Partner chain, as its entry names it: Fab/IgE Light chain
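Taking the form solved without the partner chain, here's one chain by itself in structure tokens.
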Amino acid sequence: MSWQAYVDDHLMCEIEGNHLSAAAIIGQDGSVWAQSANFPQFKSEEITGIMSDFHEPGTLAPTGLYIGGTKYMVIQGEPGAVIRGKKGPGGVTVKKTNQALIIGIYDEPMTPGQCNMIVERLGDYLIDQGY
């Protein structure tokens, strides 16, 4: 398995007829492991902001979750494990692994639940592989 294969075939594949708009596997230092064509470049402090929220859940919500300069409202996630964001009919799921981040960005008609499922299920599988 390449990381590009995990992105192309396991994150960017169909789920219930829908597809993520973009996806990435990113080291917690901010190093891209692999990403899709339209996944944005992270801006400064963005990865740091994400990790601080995993470390202290609730830190990010007041100011918002930023990815590629796009602001998402933080909605309910899983403390220290999953960050979820909403932006109108779109949003994002960030799933923490031991040393990486699995990220999916969706837009209508794809649902939050579909994005959560495809992103979080791969994260759990990669965690059990020691990643």
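Positions refer to the first chain, counted from 1.
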*Name the higher of the two by mean Cα B-factor in the PDB entry, 44 to 52 versus 91 to 99.*
44 to 52
*Per the entry, higher mean C-alpha B factor between 120 to 128 and 1 to 9*: 1 to 9
*asked:* Per the entry's Cα B factor values, which of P62, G85, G27, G104 stands out as the maximum?
replied: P62
*Taking the C-alpha B-factors as the PDB entry records them, is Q35 in the lowest, middle or highest third of its chain?*
lowest
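What comes next is about the form solved in complex with the partner chain, which does not appear here.
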_Residue contact check: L20 to the partner chain in the deposited bound form, 4.5 Å heavy atom_ = no
*asked:* Even though the partner isn't displayed, in the deposited bound form is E108 close enough to the partner chain, meaning a heavy atom within 4.5 Å?
replied: no
*asked:* Using a 4.5 Å cut-off on any heavy atom, which residues of 109 to 126 would contact the partner chain in the deposited bound form?
replied: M117, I118, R121, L122, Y125
